[PDB]
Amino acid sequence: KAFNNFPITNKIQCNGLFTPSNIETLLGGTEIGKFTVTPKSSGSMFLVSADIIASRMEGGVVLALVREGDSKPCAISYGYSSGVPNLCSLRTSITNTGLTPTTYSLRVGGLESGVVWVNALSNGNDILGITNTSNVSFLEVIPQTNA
C-alpha cells in the first residue's frame, strides 16, 4: 500500500489559539503544514502520526488535523511545554473512502492562551542553535475483520 512522510523543518510562530468557540471550526490554531495522500487500497485506513517539536511558556499545546473540504477537524490531540521544547503528538486512524487524492492540513496552537512555537524555543530562537525537524506520516494499512 502507501507510506508517506512529510518532514517540517520550518520554524512557525503559532499565534492562533484553540478555544471552546473555535475548536470545531476551521479557524483554530495556525497551519504548519498541508499533505496530499492517495489511498492505493479500497477499505483501508491511514494511520497518521504527527510528531511536532513545540515550545511555549508554561501551558498546553493543541494539534488539529483537518481534511480539506470538511468544516472542522477530524482529529484533535494535546501536548505540553514547560517553557522548554517538547514533542507534541497526534495519532489517528482514518477510514479511507475511496482512491481519491485527499489533502489534510495540520494546525497547532495554544490551549486557550499563549503563543506556541514549532521547531523553536519559546522565544522563537533556534533550539540548540540549529534547524530542527518535525514529522507527519501517513501509513496505509488494511484493518482485520474480527471473527
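Position 1 is the first residue in the sequence shown; the rest follow in order.
Mind pulling up the entry and telling me whether 109-117 or 82-90 has the higher mean Cα temperature factor? So the stretch with the higher mean C-alpha B-factor is 109-117.
46-54 versus 96-104 - which carries the larger mean C-alpha B factor in the record: That would be 96-104.
According to the deposited entry, which of 61, 26, 65, 32 has the largest Cα B-factor? So the option with the highest C-alpha B-factor is 26.
Ordered by C-alpha B-factor within the chain, which third holds residue 17? Give me lowest, middle or highest, please. Answer is highest: the recorded C-alpha B-factor places it there.
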